[PDB]
Amino acid sequence: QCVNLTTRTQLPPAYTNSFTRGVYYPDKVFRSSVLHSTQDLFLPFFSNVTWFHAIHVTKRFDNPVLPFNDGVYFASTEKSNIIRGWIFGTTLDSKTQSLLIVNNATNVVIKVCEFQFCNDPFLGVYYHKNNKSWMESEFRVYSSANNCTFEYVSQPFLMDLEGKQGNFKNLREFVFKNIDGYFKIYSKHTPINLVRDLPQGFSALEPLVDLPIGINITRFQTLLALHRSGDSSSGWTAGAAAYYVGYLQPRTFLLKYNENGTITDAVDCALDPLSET
Amino acid sequence: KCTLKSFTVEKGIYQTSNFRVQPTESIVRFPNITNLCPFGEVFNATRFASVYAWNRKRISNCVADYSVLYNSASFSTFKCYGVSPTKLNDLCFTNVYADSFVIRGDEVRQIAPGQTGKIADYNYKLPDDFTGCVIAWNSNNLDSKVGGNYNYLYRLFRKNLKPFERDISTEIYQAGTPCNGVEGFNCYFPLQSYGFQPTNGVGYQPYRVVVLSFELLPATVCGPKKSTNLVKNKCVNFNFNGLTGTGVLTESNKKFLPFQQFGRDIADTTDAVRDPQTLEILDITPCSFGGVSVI
Amino acid sequence: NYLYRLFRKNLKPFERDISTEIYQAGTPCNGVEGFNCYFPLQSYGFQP
Ligand SMILES: *[C@@H]1O[C@H](CO)[C@@H](O[C@@H]2O[C@H](CO)[C@@H](O)[C@H](O)[C@H]2NC(C)=O)[C@H](O)[C@H]1NC(C)=O
Ligand SMILES: *[C@@H]1O[C@H](CO)[C@@H](O[C@@H]2O[C@H](CO)[C@@H](O)[C@H](O)[C@H]2NC(C)=O)[C@H](O)[C@H]1NC(C)=O
Ligand SMILES: *[C@@H]1O[C@H](CO)[C@@H](O[C@@H]2O[C@H](CO)[C@@H](O)[C@H](O)[C@H]2NC(C)=O)[C@H](O)[C@H]1NC(C)=O
Ligand SMILES: *[C@@H]1O[C@H](CO)[C@@H](O)[C@H](O)[C@H]1NC(C)=O
Ligand SMILES: *[C@@H]1O[C@H](CO)[C@@H](O)[C@H](O)[C@H]1NC(C)=O
Ligand SMILES: *[C@@H]1O[C@H](CO)[C@@H](O)[C@H](O)[C@H]1NC(C)=O
Ligand SMILES: *[C@@H]1O[C@H](CO)[C@@H](O)[C@H](O)[C@H]1NC(C)=O
Ligand SMILES: *[C@@H]1O[C@H](CO)[C@@H](O)[C@H](O)[C@H]1NC(C)=O
Ligand SMILES: *[C@@H]1O[C@H](CO)[C@@H](O)[C@H](O)[C@H]1NC(C)=O
């Protein structure tokens, strides 16, 4: 059973600037101290990206609708792991196969399966004042599933779940693509010391997984977590976090491979005449 | 002399042919085989359901091996339609459907596509274009009990079943004054039991039957992809993860990233490869070759 | 009356293979019909 959460102020969408981000390894080929020009789905340098907030201060809870054209770059600026997972699909109401990725308090679940997805799916972590402990208590994402084709659960572990105070100190960059029936996820993590921005510099994302799913994805959504300790739809705290979403398109990039074999710099081929030269 | 196409040769040096070292001891290297679907769960299962409620299982995302099943020789019948008992190892399909049940001796013939019969029409109808295999083995010591094993049931009365159709709703069948859902005249029971006895002969003894069907439309489950040993310091024809080449493999000081398999030199030529079995990096260099001049 | 070879390990162009020795698919049966070996010939069964 899921209930739509109320008490969410409406604010116009905010878009910010991405500076040389959303670059990943095109393939698994090892190259040393060379220049490689490759044409593939990529994110433009110095582009516009959708910025969504989560701050208590309204509570700025953002889990809106987002299309999935050809691939999505998802950056998460966090300090206490508020954002939990992602959902991919077309109809989102059990009449079409959908992919679900959730990193709950103990395991990681990747499940391709038919969900009756709620309009407002979320996680909920309860904070105890009698004893200092943060634990996941609520998971309102899907109702039921009859057919369920792909299952993957990682080994059990433990996560912090505590809400720290201060500026953001973690960045998690992800790239999701769906080509030839294969769902490719590239990932990287970075330590940062900013309060609100999309950090500059160069960061090449290493591939994480290539799942043989073979479904059609034209629509994707995010899943965050809230803190509880009001009513079932008013008594919730968001927790500071932010995430930026960008859309990839077929572009040509010139990558530089150093002696270590990692991508250290890249240039867009259609940004400015200098980079084209 | 043949090169110049003349019987006299002037003083000098002439390029005739090119000496090349033929590759020897060709090797194929594929990743470790450590993911097999539970075929034993389908076969070695302690109990099987009725033929009208046959157990259905999905098979995908493994490294399957059908050679052990064929070479087991414990199955009385192994009939494959659309495929052969051999050559099945190196074929990939998107998914596999396994249907498990128990039948009698004469019922073996009826479990086949294009074959008529009461059971083939009311219990389990195979499609005309069925592709897959059927494996039947005797279970006189497991599915037969003294006094009669009546646990296995088959539909007897029915008005036709589509291929791969499951019908759990088997309400009382009316043969024509209607009895209104009550046992009586003009309406008999739809189900009937087998009653396997130890005394029953080969024509009535129980038989566990599993039907495997392969459906393809990316492939998820493939064959064992057997590999060979690794040899160095020789001109070798190598096959690393589908990448086929010729040359000598040597120890390399290059350090590959964990997600990178093979390396390419300038101008997109393979220079080093990492073998998936032990994650070892080997430099590939073409074996000795070059022109041969006659002085 | 008309028969065709069904089991064989390939033929080059324009050859005749009158020998129909039993074909081994992989424990060998040693020239006896049984497991891991099937008849190499099959009939057509033409009907009106
Ligand atoms: C959240 O809101 C949506 C729409 O704002 C609700 O969706 C409705 O669900 C009922 C029953 O499930 C349907 O009869 C309506 O047709 C739906 N409306 C629309 C516009 O699709 C949803 O039920 C709400 N969630 C709750 C109340 O928990
Ligand atoms: C990124 O997208 C935004 C909105 O999709 C662009 O901003 C819009 O620019 C047009 C004119 O080009 C204005 O009419 C709109 O009012 C702007 N949107 C808003 C919300 O003000 C923006 O130009 C795009 N590119 C960059 C680099 O930001
Ligand atoms: C996080 O998700 C995992 C996987 O969905 C949960 O692990 C399962 O928990 C149920 C309930 O006890 C068990 O029946 C399953 O066997 C578990 N699957 C495993 C271990 O692979 C886990 O419980 C979830 N964590 C929390 C805090 O709810
Ligand atoms: C102590 O914390 C745990 C969570 O780890 C909670 O389940 C328990 O209720 C707490 N103790 C009391 C007395 O509330
Ligand atoms: C599940 O798969 C079957 C396959 O035939 C399909 O008919 C059915 O609509 C799917 N969904 C459910 C809820 O059964
Ligand atoms: C995806 O869409 C194509 C459109 O041609 C269709 O053929 C295919 O069956 C669809 N796949 C799924 C999983 O819906
Ligand atoms: C590779 O990276 C290391 C640091 O991890 C560095 O010391 C070295 O110079 C780099 N280049 C090599 C080993 O060729
Ligand atoms: C059943 O289990 C035994 C022992 O585990 C194994 O040797 C046999 O191959 C299994 N059956 C099949 C059909 O593989
Ligand atoms: C592959 O399997 C062999 C045999 O157990 C083992 O020695 C080797 O470490 C394995 N390699 C990998 C990468 O798992």
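Chain B is numbered as in Swiss-Prot; the shown residues are, in order, 300-458, 460-476, 478-518, 521-598.
How was it done? The header gives electron microscopy, 3.1 Å.
Note: Cβ is positioned from N, Cα and C throughout, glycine not excepted.
The Cβ of B:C361 (disulfide bond) has 16 neighbouring Cβ atoms from other residues within 10 Å, across all protein chains displayed. Residues annotated as disulfide bond in Swiss-Prot, with experimental evidence given as evidence: B:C336-B:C361 (among others).
Contacts of B:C379 (disulfide bond) defined by a Cβ separation under 8 A and a same-chain sequence distance of 6+ are given as B:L387, B:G431, B:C432, B:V433, in order along the sequence. Feature annotation from Swiss-Prot assigns disulfide bond to B:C379-B:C432 (among others); the stated evidence is experimental evidence.
Taken from Swiss-Prot, the feature disulfide bond covers B:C391-B:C525 (among others), and the record attributes it to experimental evidence. Shown in sequence order, B:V362, B:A363, B:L390, B:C391 are the residues of the chain, 6+ apart in sequence, with a C-beta less than 8 angstroms from the C-beta of B:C525 (disulfide bond).
Sequence annotations record features per position, and here Swiss-Prot assigns disulfide bond to B:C480-B:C488 (among others) based on experimental evidence. Cβ neighbours within 10 Å of B:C480 (disulfide bond), excluding its own Cβ and spanning all shown chains: 14.
Taken from Swiss-Prot, the feature disulfide bond applies to B:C538-B:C590 (among others). A sphere of 10 angstroms centred on the C-beta of B:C538 (disulfide bond) encloses 19 other C-beta atoms.
Its Cβ taken as reference, B:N331 (N-linked glycosylation site) is surrounded by 10 other Cβ atoms within 10 Å in the chains shown. The N-linked glycosylation site annotation in Swiss-Prot covers B:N331 (among others) and is backed by experimental evidence.
Sequence annotations record features per position, and here Swiss-Prot assigns N-linked glycosylation site to B:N343 (among others). Long-range neighbours of B:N343 (N-linked glycosylation site) (same chain, six or more residues apart, CB within less than 8 Å of its CB): none.
Non-local neighbours of the region 'Disordered' (B:319-335) in the same chain are 360-364, 527-534, 537-544, 549, 578-580, 590-592; each lies 6+ residues outside the stretch with a CB under 8 Å from one of its CB atoms. The feature region 'Disordered' is assigned by Swiss-Prot to B:319-335.
The region 'Immunodominant HLA epitope recognized by the CD8+' annotation in Swiss-Prot covers B:448-456 and is backed by experimental evidence. Note on the region 'Immunodominant HLA epitope recognized by the CD8+' (B:448-456): residues 347, 349-352, 400-402, 417-418, 421-422, 442, 467, 470, 473, 475, 489-497, 507 of its chain, located 6 or more positions outside it, place their CB under 8 angstroms from a CB of the stretch.
Candidate recorded positions: B:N331, B:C379, B:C480, B:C488. Those with a Cβ under 6 Å from ligand 9, in sequence order, are B:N331. Here B:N331 (N-linked glycosylation site) is positioned 25 angstrom away from B:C538 (disulfide bond), judged by their C-alpha atoms. Taking a C-beta cut-off of under 8 Å and a sequence gap of six or more, B:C488 (disulfide bond) has these contacts in its own chain: B:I472, B:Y473, B:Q474, B:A475, B:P479, B:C480.
In the structure shown, across all protein chains, B:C432 is the one of the disulfide-bonded residues B:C336, B:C391, B:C432, B:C590 with the greatest number of other Cβ atoms within 10 Å. Put simply, of the recorded positions B:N331, B:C336, B:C361, the one whose Cα is nearest the Cα of B:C590 (disulfide bond) is B:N331. Residue counts for the region 'Immunodominant HLA epitope recognized by the CD8+' (B:448-456) under DSSP, split into helix (H, G, I), strand (E, B) and coil, are 0 helix, 4 strand, 5 coil. Assigned with DSSP, the residues of the region 'Disordered' (B:319-335) fall into helix, strand and coil as follows: 0 helix, 4 strand, 13 coil.
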